Amino acid sequence: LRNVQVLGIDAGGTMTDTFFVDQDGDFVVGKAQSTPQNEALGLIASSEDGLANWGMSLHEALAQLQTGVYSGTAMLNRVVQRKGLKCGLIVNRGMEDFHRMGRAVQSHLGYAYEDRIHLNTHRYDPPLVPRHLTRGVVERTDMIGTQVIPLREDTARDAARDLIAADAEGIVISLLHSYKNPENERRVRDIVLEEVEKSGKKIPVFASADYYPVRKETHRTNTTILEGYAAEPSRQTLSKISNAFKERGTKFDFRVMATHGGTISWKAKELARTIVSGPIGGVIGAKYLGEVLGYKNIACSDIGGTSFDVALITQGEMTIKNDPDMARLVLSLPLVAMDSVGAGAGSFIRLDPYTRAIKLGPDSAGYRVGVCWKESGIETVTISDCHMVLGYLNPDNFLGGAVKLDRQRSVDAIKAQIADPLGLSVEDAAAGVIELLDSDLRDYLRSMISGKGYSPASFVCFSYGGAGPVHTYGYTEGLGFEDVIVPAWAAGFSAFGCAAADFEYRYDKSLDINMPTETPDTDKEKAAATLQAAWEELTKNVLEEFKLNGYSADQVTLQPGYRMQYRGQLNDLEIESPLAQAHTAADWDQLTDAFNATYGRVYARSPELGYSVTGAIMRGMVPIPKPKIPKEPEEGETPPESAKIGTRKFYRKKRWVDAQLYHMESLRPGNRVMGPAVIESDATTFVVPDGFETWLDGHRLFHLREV
Amino acid sequence: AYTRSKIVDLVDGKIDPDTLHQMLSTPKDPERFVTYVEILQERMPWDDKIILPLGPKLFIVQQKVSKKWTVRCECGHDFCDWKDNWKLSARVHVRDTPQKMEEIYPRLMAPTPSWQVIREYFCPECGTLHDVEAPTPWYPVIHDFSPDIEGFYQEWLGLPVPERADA
Ligand SMILES: Nc1ncnc2c1ncn2[C@@H]1O[C@H](COP(=O)(O)O)[C@@H](O)[C@H]1O
Ligand SMILES: [Zn+2]
């Protein structure tokens, strides 16, 4: 009677999350410790935990699934732990060192403010390509493509022969301004291919113009090396992960998450886009619901055990960071933009010895939770320990009770580490920390929306993650959101979002079109031609990716795009082309109008200064089974008595209060819960203090009010 | 506090990255000095008590017999009283010519001896290099460090001051 159709995974967070959903939108969320040395184990265990809540076995469910998506640390750890091939590098003679120099910035990427200024904490990771596997060719092309120093091909043959003699398992080629004029770089590419053929050895060649033709040599060269360093090894890892499921019943090809928020095959030609590990799925999930619910402006809030992540969906679209840094590497990958606010509910709480100020993080207990877990060994209190003291969390229901927690351990550790030093009671100390955390998150949401030129009233707030529903009341209080939403599957929303993502390949190329306000048609005719030619080069890449996955062009839905701005001023939006192709001066006028329209919709305009195109975009989408959103008829306002599961005292605003406990899954659409109550699940807790109310809709989404 | 082996790795320069980052970003351990000195003590070929390390191989030591405090090289050579400047009782080699300068720097990258001179202060017995000054000509020998050992031991560490005799 039950048909499990879609599977979503997110192993990048505190642990391995799995999200299963059936033909009706009924769901379960699985949780199990991650096993990065062999991620298959944790993926199986997590799936078995989730399906157990349905009374189902893994063996029975996998045979039903018709699609599944994975996101995690497979690619990330392969880069961080430097377990890739012996890839070589060919650059411009005289600049062989610019890769391993890391542009200086890679000595302090991912550092908290205090570590960034604390010089001695700075540290270089080993270069992806060592010096002895780097060579140079004599050539220079300037910023507009003029060949200042023509390519000296004899230096390319020698470079290629040098790396082949060093038994290079890959050869990357990156010359300056090849994104502008790829003539020389692609000539070096061909010369390398020839000398490889002669040698009889199997050595793939990667030209940065063919893979990531964008400005910034450091970003671009890193991103192309990943294709020759970690791509094929990552394919092996993802083969085992997908083989583990396949040899257990799955009849589909697994897809994986990409930086740009779309899913791609794990056999893709470009797999550097799978280095993403953060919960960008959560942003894709909220957008997917907004599309169906009618919410254009959404503030996403993922409060997990290891991170506090936030993001905005403004007018249906989400922001893409184009020159991000990941794994302490500057990269040329379009990434869904999220901001980290902290180190999760496992964030350690300390008193600075010199100041006695309260410090959260930046390190986190993570899966170890806190001191309340005696067998974890954690000796330092965490935000979760404050939830134990204050009574928000059920000691006997952490992961259904799998984790043996002792609330008295939290009371004792907070008393010696925080409360007594400050002269406070244990409850006031814990409540105070939670108060500090709520203000940080509340202000960071307010400021973020204010930055886009909006007020929270124009927005809706989504609160998910295992610990999101624990703080929703606190960091949404008084902001005046149109609606505050807690999904019933909050503990696996990031995994739900991976399954909601499109099967979407994306390719980018840099441009430098400069157009005054008024110009003759010929000039407009050449601008459209430049953009059109870029679209044509990217369309090839997109359709080739799908052709390898077994999909034909007439099955792919292409959406051309470009990044445009009023000259001199930058923007954080990308425009979908109203036209599949641009040729005439009128077609160009449509593209400039599309930006003016999008700019006014999201946000002040300045058509006077002209327009600049800095990049072209091509996206190709193929329809795939997506998680069904429940749409059940709503029942009575009063929750069933079977949902009441006792009372627990929790502490808020200097008051101990008897709170009604509820079994989340037992509640029904239409039910209303009046605080003080705690709606409990096996892997998430939804706190509703007095002065707050909640109701559940047909989609199993909770709505939070202040009454 | 940190494991003794971690502090040992620190001294030997073999510590791992994650621990070294901890030591830097986390609050200092008040127990570092006591452990640090003891680690250095068991590595000396003499049992004279270290009371303040001045360098990788230079220490202020309590002489086990006279109870005087002297600056001592790791090999055992005593320079002077702890209040005096050990350099004044050492051996020096001054690079005041382009010839000498180009033995440690490439030309053009080397300082100019008429502006800056390099002084190398050695231990007379083992020839260890304990300090290198780079002043202008004529410049006095620097007395780099005059520590307040009594206040350090007594007020900051809460430890008893070692027995001291006058020189
Ligand atoms: N019943 C629960 N069981 C386990 N963790 C919970 C529960 N309720 C809330 N959590 C919180 O959810 C966090 C994990 O969130 P996540 O990283 O999304 O899985 C934990 O650190 C807790 O603070
Ligand atoms: Zn000596």
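Calculation criteria
- Residues numbered from 1 in each chain as written, not as in the entry; some residues may be left out.
- Chains lettered and ligands numbered in written order.
- Part of a larger assembly, values for the part shown.
- Heavy atoms only, no water.
- Residues with missing side-chain atoms left out of burial classes, pairs and counts.
- Helix = DSSP H or I, 4+ residues; strand = E, 2+ residues; numbered from the N terminus.
- Rg over C-alpha atoms; globule rule 2.2 N^0.38 Å.
- Near = heavy atom within 4 Å.
- Polar contact = N/O pair within 3.5 Å; in protein donor to acceptor, adjacent residues only side chain to side chain.
- Areas by Shrake-Rupley, 256 points an atom, 1.4 Å probe, with all protein chains shown as cover.
- Nonpolar A, V, L, I, M, F, W, Y, C, P; charged D, E, K, R; others polar.
- Axes fitted to C-alpha atoms, helices over the stretch in contact; angles between N-to-C directions.
- Parallel < 35°, antiparallel > 145°, perpendicular 65-115°, else oblique.
- Left-handed = near helix turned anticlockwise from the far one by under 90°.
- Contact = heavy atoms within 4.5 Å.
- Buried area = accessible area lost by both parts, 1.4 Å probe.
- Salt bridge = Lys/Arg side-chain N within 4 Å of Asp/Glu carboxyl O.
- Donors = N, O, S within 2.8 Å, 3.2 Å for Na, K, Ca; no water.
- Tetrahedral: all angles 85-135°; square planar, octahedral: opposite > 155°, others 65-115°.
- Buried < 20%, exposed > 50% of the residue type's maximum accessible area, 1.4 Å probe, protein only.
- Patch = residues over 30% accessible without salt bridge, like charges linked within 9 Å, V, L, I, M, F, W, Y side chains within 5 Å.
- Core = buried A, V, L, I, M, F, W, Y, C linked by side-chain atoms within 4.5 Å.
- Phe/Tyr/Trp six-rings, centres within 6.5 Å; stacked < 30°, edge-to-face > 60°.
- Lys NZ or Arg CZ within 6 Å of the ring centre and 35° of its normal.
- Pairing = 2+ DSSP bridges.

What follows deals with the overall build of chain A. In terms of helices and strands, chain A carries 17 helices and 35 strands. For 707 residues, the compact-globule estimate of 2.2 N^0.38 gives 27 Å, and the C-alpha radius of gyration of chain A, at 27 Å, lies within 12% of that figure. Seen along its three principal axes, the alpha-carbon backbone of chain A occupies a region of about 80 × 60 × 55 Å.

Residue and element names in this part refer to chain A. Around ligand 1, a shell composed of 19 residues is seen, among which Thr14, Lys31, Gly305, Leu399 and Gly466 lie nearest. Between ligand 1 and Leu399, the relevant distance is 2.9 Å, taken from a nitrogen atom to a main-chain nitrogen or oxygen of the residue. Separating an oxygen atom of ligand 1 from a backbone N or O atom of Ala467 is a distance of 3.2 Å. Relative to its unbound accessible area of 500 Å², ligand 1 is 95% covered by the protein chains. Partitioning the shell around ligand 1 into residue classes produces 7 nonpolar, 10 polar and 2 charged.

Once that is clear, we can look at the packing of helix 11 (residues 383-390) of chain A against helix 13 (residues 426-451) of chain A. Each pair of packed helices gets described by two things: the angle between the helix axes and the distance between those axes. Residue and element names in this part refer to chain A. Two numbers describe how helix 11 lies on helix 13: the axes approach to 9 Å, and their chain directions differ by 130°. The pairing of helix 11 with helix 13 is recorded here as oblique in orientation. Once helix 11 is placed against helix 13, the crossing between them reads as left-handed. In this structure, helix 11 contributes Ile383, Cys386, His387, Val389 and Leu390 to the contact, and helix 13 contributes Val426, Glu427, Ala430, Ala431, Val433, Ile434 and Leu437. When its residues are assigned to classes, the contact of helix 11 with helix 13 shows 10 nonpolar, 1 polar and 1 charged.

Each partner contributes residues to the interface: chain B has 6 residues there, and chain A has 7 residues. In total, chain B and chain A occlude about 550 Å² of area from one another, counting both sides; carbon and sulfur atoms represent 65% of this. It is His21(B), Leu24(B) and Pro27(B) in chain B that bury the most area against chain A; as a group they hold 66% of the surface buried on that side. There are 0 salt bridges connecting chain B and chain A. Viewed at the interface, chain A and chain B are joined by 1 residue pair in polar contact. When the residues that make up the side of chain B that touches chain A are grouped by side-chain class, the tally is 3 nonpolar, 2 polar and 1 charged.

This next bit is on the side chain of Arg506(A). Tracing the backbone shows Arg506(A) in strand 25 (residues 503-515). Those residues in contact with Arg506(A) that lie beyond four places of it in its chain are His260(A), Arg273(A), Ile320(A), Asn322(A), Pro334(A), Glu574(A), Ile617(A), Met618(A) and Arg619(A).

All names here are of chain B. Surrounding the zinc ion (ligand 2) are the protein donor atoms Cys73 (SG), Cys75 (SG), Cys123 (SG) and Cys126 (SG), which sit 2.3 Å from the metal. Around the zinc ion (ligand 2), the 4 donor atoms are arranged such that angles at the metal cover 102 to 115°; this shape is classified as tetrahedral. Of note, the zinc ion (ligand 2) draws all its donor residues from one chain, in the sequence arrangement C-x1-C-x47-C-x2-C. With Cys73 in strand 3 (residues 69-73) and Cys126 in the loop between strand 6 (118-122) and strand 7 (129-133), the pair connects residues that are 53 residues apart, well separated along the chain. When its relative accessible area of 39% is taken as the criterion, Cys126 is described as partly exposed.

Attention now moves to a nonpolar patch on the surface. A contiguous nonpolar surface patch, about 200 Å² in accessible area, is contributed by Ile358(A), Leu360(A) and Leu436(A). Overall, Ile358(A) belongs to the partly exposed group, its relative accessible area being 33%.

Further remarks concern the nonpolar core. In this structure, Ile275(A), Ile414(A), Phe462(A), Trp489(A), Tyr562(A) and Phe702(A) are the most contacted members of the largest nonpolar core, which totals 189 residues. Per element, the largest residue contribution to this core is 10 residues, and it comes from helix 13 of chain A. Residue contacts for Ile275(A): discarding those within four places in its chain leaves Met75(A), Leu76(A), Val79(A), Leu226(A), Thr259(A), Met326(A), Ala327(A), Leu331(A) and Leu333(A). In this structure, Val37(B), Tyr121(B), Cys123(B) and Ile149(B) belong to the second largest nonpolar core, which totals 23 residues.

Moving on: unusual backbone geometry. Across the chain, the bulk of peptide bonds are trans and the bulk of non-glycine residues have phi less than zero. Residue and element names in this part refer to chain A. Note that the residue after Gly361, namely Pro362, is joined by a cis bond; omega there is 5°. Tracing the sequence through the fold places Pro362 in strand 22 (residues 358-364). Here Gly675 and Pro676 are connected by a cis peptide whose omega angle stands at 0°. For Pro676, the position within the fold is in the loop between strand 31 (672-674) and strand 32 (677-680). Even without a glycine there, the phi angle at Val369 is positive, about 80°. Topologically, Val369 is positioned in the loop between strand 22 and helix 11. Despite not being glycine, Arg700 shows a phi value in the positive range, around 65°. Note on placement: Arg700 falls in the loop between strand 34 (693-696) and strand 35 (701-705).

This part is about the packing of aromatic side chains. Any two aromatic rings considered together are summarised by their centre-to-centre distance and by the angle between their planes. Taken as a whole, this structure holds 37 aromatic pairs over all chains when the rule is applied. Between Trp69(B) and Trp82(B), the aromatic rings sit 5.0 Å apart at their centres with planes inclined by 65°, giving edge-to-face as the arrangement. Note that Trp69(B) is positioned in strand 3 and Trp82(B) in the loop between strand 4 (78-81) and strand 5 (91-95), a separation of 13 residues in sequence. Each member of the pair, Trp69(B) together with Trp82(B), is buried. An aromatic cluster is present here, built from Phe19(A), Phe27(A), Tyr288(A), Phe462(A), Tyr464(A), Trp489(A), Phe493(A) and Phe496(A) joined pairwise through their rings. A cation over an aromatic ring shows up here: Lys87(B) above the ring of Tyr121(B), its NZ or CZ 5.3 Å from the ring centre.

With that settled, consider the sheet that holds strand 33 (residues 685-688) of chain A. Residues and elements named next belong to chain A. Taken in spatial order, the 4 strands make up an open sheet running 29-30-32-33, and their pairing is mixed. Of all the strands in the sheet, the pair left with one neighbour each is strand 29 (644-652) and strand 33. Between one strand and the next, the sheet's axes are offset by a mean angle of 25°, whatever the strand orientation. Judged from the 7 bridges that link them, strand 29 and strand 30 (residues 655-663) form a sheet pairing that is antiparallel. Paired with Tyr651 across the strands is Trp656, a residue of strand 30. Relative to the sheet, helix 14 (residues 468-475) contacts strand 29 and strand 33, its axis offset from that of strand 33 by approximately 25°.

A separate point is the sheet that holds strand 6 of chain B. Residue and element names in this part refer to chain B. Spatially, 5-6-7 is the arrangement adopted by the 3 strands of the open sheet, whose pairing is antiparallel. Each edge of the open sheet carries a strand with a single partner, namely strand 5 and strand 7. When strand polarity is set aside, the average angle formed by the axes of neighbouring strands in this sheet is 20°. With 5 bridges connecting them, strand 5 and strand 6 associate as antiparallel partners. The residue of strand 6 that forms the bridge with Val94 is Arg119.

With that out of the way, let us pick up the pattern of salt bridges. Under the counting rule described, the total for this entry stands at 65 salt bridges over all chains. A salt bridge links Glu576(A) to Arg619(A); the shortest N-O distance between them is 3.1 Å. We note a salt bridge from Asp16(B) to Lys6(B), for which the minimum N-O separation is 2.9 Å. With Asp16(B) in the loop between helix 1 (4-12) and helix 2 (17-25) and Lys6(B) in helix 1, the pair connects residues that are 10 residues apart, well separated along the chain. Taking relative accessible area as the criterion, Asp16(B) reaches 24% and is therefore assigned partly exposed. Through salt bridges that share partners, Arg157(A), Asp158(A), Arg161(A), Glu194(A), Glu195(A) and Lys198(A) make up one connected network.

Right, let's talk about the pairing of strand 32 of chain A for a bit. All names here are of chain A. Side-chain alternation along strand 32 places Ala677 and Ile679 on one buried face and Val678 and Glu680 on a second face that is also buried. With 4 bridges connecting them, strand 30 and strand 32 associate as parallel partners. Bridge pairing in strand 32 places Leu661 opposite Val678. Where strand 32 and strand 33 come together, 4 bridges link them in antiparallel fashion. By the bridge assignment, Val678 is partnered in strand 33 with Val687. Where strand 32 folds back onto strand 33 in an antiparallel hairpin, the turn is made up of 4 residues.

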